[PDB]
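Below you'll find the structure, written out as structure tokens, and then a few comments.
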Amino acid sequence: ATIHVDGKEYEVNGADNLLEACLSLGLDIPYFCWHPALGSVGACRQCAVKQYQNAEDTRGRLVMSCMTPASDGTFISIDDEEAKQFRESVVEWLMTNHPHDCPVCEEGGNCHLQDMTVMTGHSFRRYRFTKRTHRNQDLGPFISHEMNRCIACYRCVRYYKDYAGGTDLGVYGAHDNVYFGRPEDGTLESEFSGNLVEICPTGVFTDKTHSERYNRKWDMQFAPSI
Amino acid sequence: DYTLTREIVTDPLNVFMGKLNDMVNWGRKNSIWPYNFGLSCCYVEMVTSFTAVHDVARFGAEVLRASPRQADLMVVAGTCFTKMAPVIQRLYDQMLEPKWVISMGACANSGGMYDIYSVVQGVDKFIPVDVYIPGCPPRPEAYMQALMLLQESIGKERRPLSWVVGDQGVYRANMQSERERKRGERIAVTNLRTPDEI
Amino acid sequence: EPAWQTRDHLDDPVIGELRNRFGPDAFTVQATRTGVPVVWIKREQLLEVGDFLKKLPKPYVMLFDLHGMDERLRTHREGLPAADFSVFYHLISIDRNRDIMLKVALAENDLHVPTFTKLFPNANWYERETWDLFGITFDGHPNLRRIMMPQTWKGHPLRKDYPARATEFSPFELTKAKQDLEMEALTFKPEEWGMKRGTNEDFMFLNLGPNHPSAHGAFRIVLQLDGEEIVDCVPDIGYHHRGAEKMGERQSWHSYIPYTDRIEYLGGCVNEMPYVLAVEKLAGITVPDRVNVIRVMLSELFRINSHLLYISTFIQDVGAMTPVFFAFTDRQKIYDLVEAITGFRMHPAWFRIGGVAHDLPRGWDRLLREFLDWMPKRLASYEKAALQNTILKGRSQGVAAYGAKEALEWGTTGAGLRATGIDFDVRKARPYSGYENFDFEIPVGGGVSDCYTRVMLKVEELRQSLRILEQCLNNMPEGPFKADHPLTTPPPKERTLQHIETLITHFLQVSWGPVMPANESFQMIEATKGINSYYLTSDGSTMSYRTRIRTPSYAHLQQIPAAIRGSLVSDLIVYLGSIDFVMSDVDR
Amino acid sequence: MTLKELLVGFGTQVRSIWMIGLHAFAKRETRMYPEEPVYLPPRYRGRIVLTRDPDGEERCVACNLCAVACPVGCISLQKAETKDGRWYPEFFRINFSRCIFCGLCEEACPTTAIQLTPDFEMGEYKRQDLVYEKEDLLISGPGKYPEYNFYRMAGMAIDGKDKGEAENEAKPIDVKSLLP
Ligand code: SF4
Ligand code: SF4
Ligand code: SF4
Ligand code: SF4
Ligand code: SF4
Ligand code: FES
């Protein structure tokens, strides 16, 4: 397939959506709800690009790059002013209720939400009202739960139920009181519940065994092991 | 408690040679001539201490001999570069006993911010240091405070009076550290002036 | 169009002249944020292009800079020729008030360029430093030895595969190096240093260093002497090398600012300004007016401090040891104001990407008013005490004089270049930091640069800096001390302390570092001792891919042999006192 | 040389002698340390301390931003947690033989715990005693920032401050609540 991003022509795979095609080209589009292993649902509304009907077109339309196929002869723009404004607005809407928690949160320095807040360029707060608050649950000895940091990107439920086949983690509640967790306090029964700490782009699910002796990612000495 | 150089020993101090030792130490500590050794910005603050606004001349440390033979104290004030390290060691060897060393600044202490391929990480890697001053640069009054610390360090050390009579080893007092001595008053600090005023 | 916008500078007439002379396919024009046209020239046409630029109707007369870059780890090289290494030549045309950056691409195996010294004599030390730090050989160089590292040094430190951090110390290396320090006087060969016909047997060799009894730093000069007459001399530098560029490749854009302080340690904020300006060019930040006036205030205060210390040290080197005490009291007044504003005396580390670390403290205008009332009487007292003395005039007038041609061909800037009659100050020709809103004069000389002419020009520059400080005190805008940009590092502290998006920006900027997009930026400013410049190459990361600091004391120390040839040792001492150099500026 | 030059030189030497004597007849400009205490501005960058909140607990949440913002790497700390869930440093040490007193750690602190104080008298006999542990840093009061409390802003629940009790936070709403 042939696509044109910001006036530059690229050859991609036509069976892919525009988000994974543009991320494979090295282009940067912010995203929360999409995962390569989980597919596209169009939930977080973060990956908005501006699509044009043809080569000569000035109006365009904000489309969802994870929900849009990278068909042949596509014309999109990432650095369009309206697209950038909407992506910053989506980050701002996510940050209206986010707790002032980065120093005492185990996802600090490893947080996808931090990376995409910085990458959209949103650093000024004009929201002056209250932030919603959630109680936490005990999820067992391995996963630490902090529902205040949730952005309702639905990655946890999608992975844990649709992918990993687990049955004890779900989404509850309503409009802006959506709660992601177990129906009651208890250990997460799945044998692959540890991948929630990497699936969750925020610090809702964290490695508790790491949290006992916590250090940030920049302070780690890493090796590739088996 | 003392330390030997020729070993952790005790205080060996009739009464006449005791008064002689106190008089010799008093004369040594009240007349200390630093060696004029310019390395880096810490020497700029050293000569700022040398001027009239701070008056290092009050302590009798203003003669500033240009030859290492006539100097008793080496103030290593600057970065210890790899090219300049043999020069520092040769100038230290040219000095004569008794000799003391004051490291001025984080570079002379440990290499400071310059953990780099061409900097020796501290002057204590090759010459012994008597007093250390943190700072980058330490202010001139901090250098004078280090001079006072060296003065009370000298004032109770024991050295031979003559080269033909007595023990020729040098005693250095294991002094109580300034950190543990000042911890009693430093921790009790509760309020400081806000940084929005002059 | 903002000043930080990426421009290819194809409308520059130098591009059209080069296209007409060499052809449209002879070179590649690169779009940068340096503000100058960057032209990639083939290696075999480098001397032809240099000669063509030298013989222009308004020629490029000064080789401003010459160094190298390791391009092997540079991922974003779109629109660039294939290069393992590159050598860049920054040339300034004063008549056009323009500059051009030529770039030569070299493969990893064929690391040799023709020498540039037959066109510009400052290319001697520039190519020696390029060979020392990058291993690039210059064919036709008279003596290509290491200038920063010792001769018995393995590897080239500014290469990407060289480890930046300090190796383990060994007393064996120190002891053997003491042995070569011992036999250096005995086994001295003038052929190693480029001298000829050493020991006729009417010449003796004199070594001044390594430690001088002065505040300009520690370095050596070896002199060929007939009695008291100097015939040949080369300076031995590199004794103050701190690896500041290599440190710039291993610090973030924010954490490198204290290292920019200690380049010229009598400069402080004057050294901080070009770095933060070039980083703001990379970040696309236009700072507000209050930031501009605050930075101008601190730069002029530190310029007055450096000029006072320079005049005091020159007077002391002449022989009068009295006025240095009073002028250090004046420096204490300046340090009182600087301590009040920035919290530190000599290395404030106060300029930030997008602004300054804090707002001005309540009561800064009082201290500034007392300092401005205190200064002029003390300045007149120092003038009448020493700079109008006949003994000082006899010691300083006519000593190590050079004209406009010698200053142009050796890259001399600052007081010497203006003493040669050339009116070139960066604060007026290529203004920065809102210097167009200040009314001040640029003192120039009669056409011959003596010691006395340079010292009096520095006194006039101190007077003009006092005028700029008066304008800063009288007219200061009320507003933000930081920019409204997302890349302002760090963000304002109160919004960090109570807003979560600002806390996120602060968290990721102080920990991993701010992400500058891949571009090349250049800022050239008028420092306290000449013309300073920062050339920053970003690969898109949170650290600098390449930090290149051009300092004027390098050019002054390289002009030392060409001006003192045929003079006495006391003339050399007066000349060294009248340059206004620091060894940290030379060796960096 | 010219006789006029000699007369001018003698006159300017006499002028130099007279003005040096007038400087001798002037007032001293010496600050007499240590009898006269050195005036330091409130934001002077001297000895580093760790501070406390108005409630009296230590302000450091062991977030490791000061240690990474240090261009010298002379801060080393480890995070520990109490039973109620508040973060604190298990140890906190600073190599003051390496610290350049640049103030980047105070600038990077999101709780205003680490601060640089007007204190320069820090000389030491041994370099091992320039490593200041947590007992040498933590002071009994807030320091230069007298009223900031990070845990009043954080959403993380600690002792004495439950969920929804922070600034600009609503009370938690159960998903089982009857209200729409
Ligand atoms: S989840 Fe991310 S944005 Fe939220 S407090 Fe943790 S590090 Fe900060
Ligand atoms: S808990 Fe994490 S993975 Fe689940 S919706 Fe919230 S932010 Fe997404
Ligand atoms: S410690 Fe700082 S002020 Fe002292 S020599 Fe080193 S860089 Fe200069
Ligand atoms: S003042 Fe600077 S050098 Fe010292 S601990 Fe803080 S960040 Fe590190
Ligand atoms: S930045 Fe402040 S709160 Fe964070 S670890 Fe350092 S002193 Fe503690
Ligand atoms: S990533 Fe496309 S809407 Fe979430």
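No Cβ is skipped: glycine too gets one built from the backbone with ideal geometry, and neighbour counts run over all protein chains shown. Each answer follows from the model by the rule given with it, or from the source it names; nothing here is a laboratory result.
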Report summary line: Quick count over the stretch C:241-263, residues being under 19 Å from C:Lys529 (Cβ atoms), more than 10 Å from chain B (Cβ to nearest Cβ) and outside any helix (DSSP H, G or I), is 1
Report task. May I ask you to say which residue of A:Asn136, A:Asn148, A:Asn215 is closer than 25 Å to D:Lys176 by Cα, away from ligand 6 (no atom under 16 Å from the Cβ) and assigned to a loop (DSSP other than H, G, I, E, B)? Result -> A:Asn136
Query - Residues of the stretch C:75-112 classified as farther than 30 Å from C:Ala429 by Cβ, part of a strand (DSSP E or B) and of a type in the set (A, V, I, L, M), total - result: 2
Query - Unmet requirement for A:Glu82, which otherwise passes all of (1) under 25 Å from A:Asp28 (Cβ atoms); (2) touching a helix residue (DSSP H, G or I) at 6+ places or on another chain (Cβ under 7 Å); (3) assigned to a helix (DSSP H, G or I); (4) not aliphatic (A, V, I, L, M) - result: (2)
**Report entry** Hits in the stretch C:113-135 (condition: in a loop (DSSP other than H, G, I, E, B) and within 27 Å of C:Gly35 (Cα to Cα))
**Finding:** C:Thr115, C:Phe116, C:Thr117, C:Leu119, C:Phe120, C:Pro121, C:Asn122
Requested in this report: For the stretch A:106-123, name all the residues that are within 10 Å of ligand 1 (Cβ to nearest atom), facing chain C (nearest Cβ under 8 Å) and more than 17 Å from A:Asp28 (Cβ to Cβ).
Outcome: A:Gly108, A:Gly109
Requested in this report: Just need a number here: residues in the stretch D:125-149 that are crowded, with 22+ Cβ neighbours inside 10 Å and either within 16 Å of ligand 1 (Cβ to nearest atom) or among the charged types (D, E, K, R) (or both).
Outcome: 1
Query raised in the report: Can C:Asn211 be described as at the interface with another protein chain (Cβ under 10 Å from one of its Cβ atoms) and among the polar types (S, T, N, Q)?
Result: yes
Query raised in the report: Restricting to the stretch C:343-380, what's the tally of residues that are within 14 Å of chain B (Cβ to nearest Cβ), among the small types (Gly, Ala, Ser) and over 28 Å from the mean Cα position of the chain (by Cα)?
Result: 1
Report task. Confirm whether A:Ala21 is part of a loop (DSSP other than H, G, I, E, B) and more than 30 Å from A:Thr133 (Cα to Cα). Result -> no
Query raised in the report: How many residues are β-branched (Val, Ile, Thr), within 30 Å of C:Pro288 (Cβ to Cβ) and either out of contact with any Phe, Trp or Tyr (no Cβ under 9 Å at 6 or more places or on another chain) or not assigned by CATH to the domain that holds C:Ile315 (or both) if we restrict to the stretch C:433-456?
Result: 0
Query raised in the report: Of all the strands (runs of 3 or more DSSP E) wholly in the stretch C:520-559, which have at least 1 residues that are farther than 18 Å from C:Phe134 by Cα?
Result: C:520-527, C:530-537
Query raised in the report: Among A:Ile76, A:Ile29, which is the only one that is on the phi < 0 side of the Ramachandran plot, more than 16 Å from ligand 3 (Cβ to nearest atom), within 15 Å of the chain's Cα centre (by Cα) and of a type outside the set (D, E, K, R)?
Result: A:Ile29
Report task. For the stretch D:58-87, enumerate the residues that are more than 8 Å from ligand 5 (Cβ to nearest atom), more than 9 Å from chain A (Cβ to nearest Cβ) and either among the hydrophobic types (A, V, I, L, M, F, W, C) or buried (at least 24 other Cβ atoms within 10 Å of the Cβ) (or both). Result -> D:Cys70, D:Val72, D:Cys74
Requested in this report: Output the number of the condition that A:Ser190 fails; it satisfies all remaining conditions of (1) more than 23 Å from A:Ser89 (Cβ to Cβ); (2) near ligand 2 (Cβ under 10 Å from one of its atoms).
Outcome: (2)
Report summary line: Within the stretch D:111-124, of all residues that are aliphatic (A, V, I, L, M) and not in a loop (DSSP other than H, G, I, E, B), the one farthest from ligand 1 (Cβ to nearest atom) is D:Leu116
Requested in this report: Considering only residues that are within 14 Å of B:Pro86 (Cβ to Cβ) and touching a helix residue (DSSP H, G or I) at 6+ places or on another chain (Cβ under 9 Å), look in the stretch C:154-172 and name the one that is surrounded by the most Cβ atoms within 10 Å (Cβ to Cβ).
Outcome: C:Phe169
Query raised in the report: strands (runs of 3 or more DSSP E) wholly in the stretch B:83-185 with at least 3 residues that are among the aliphatic types (A, V, I, L, M) - which ones?
Result: B:100-104
Report task. Kindly indicate whether C:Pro190 is exposed (fewer than 14 other Cβ atoms within 10 Å of the Cβ) and of a type outside the set (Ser, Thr, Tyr). Result -> no
Query raised in the report: Which condition does A:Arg126 not pass, out of (1) within 14 Å of chain D (Cβ to nearest Cβ); (2) under 13 Å from the mean Cα position of the chain (by Cα); (3) of a type in the set (D, E, K, R), if it passes all the others?
Result: (2)
Requested in this report: Kindly indicate whether D:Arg98 is part of a loop (DSSP other than H, G, I, E, B) and either away from ligand 1 (no atom under 16 Å from the Cβ) or of a type in the set (S, T, N, Q) (or both).
Outcome: yes
**Report entry** Residue list for the stretch B:10-43, restricted to those being within 14 Å of chain C (Cβ to nearest Cβ) and in a helix (DSSP H, G or I)
**Finding:** B:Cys41, B:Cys42, B:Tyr43
Query raised in the report: Of the residues that make up the stretch D:148-169, is at least one facing another protein chain (nearest Cβ under 7 Å) and farther than 16 Å from A:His100 by Cβ?
Result: no
Query raised in the report: Just for the stretch D:30-87: of the residues that are within 16 Å of ligand 1 (Cβ to nearest atom) and assigned to a loop (DSSP other than H, G, I, E, B), which one is nearest to B:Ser110 (Cα to Cα)?
Result: D:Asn64
Query raised in the report: When only residues in the stretch A:151-193 that are in contact with a helix residue (DSSP H, G or I) (Cβ under 7 Å, 6 or more places away or on another chain) and hydrophobic (A, V, I, L, M, F, W, C) count, which is farthest from ligand 6 (Cβ to nearest atom)?
Result: A:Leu169
Report summary line: Here the residues within the stretch C:162-205 that are of a type in the set (A, V, I, L, M) and more than 7 Å from chain B (Cβ to nearest Cβ) are C:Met183, C:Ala185, C:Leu186, C:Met195, C:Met204
Query raised in the report: Pairs, please: C-beta under 7 Å, at least 6 apart or cross-chain, first residue within 19 Å of A:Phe192 (Cβ to Cβ) and in the stretch A:161-181, second within 16 Å of ligand 6 (Cβ to nearest atom) and of a type in the set (D, E, K, R)?
Result: none
Report summary line: Note on the stretch A:112-133: residues within 16 Å of ligand 6 (Cβ to nearest atom) and either of a type in the set (D, E, K, R) or in a loop (DSSP other than H, G, I, E, B) (or both) are A:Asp115
Query - Enumeration of residues in the stretch D:88-124 that are of a type in the set (D, E, K, R), facing chain B (nearest Cβ under 10 Å) and over 20 Å from C:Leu508 (Cα atoms) - result: D:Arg98, D:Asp119, D:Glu121, D:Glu124
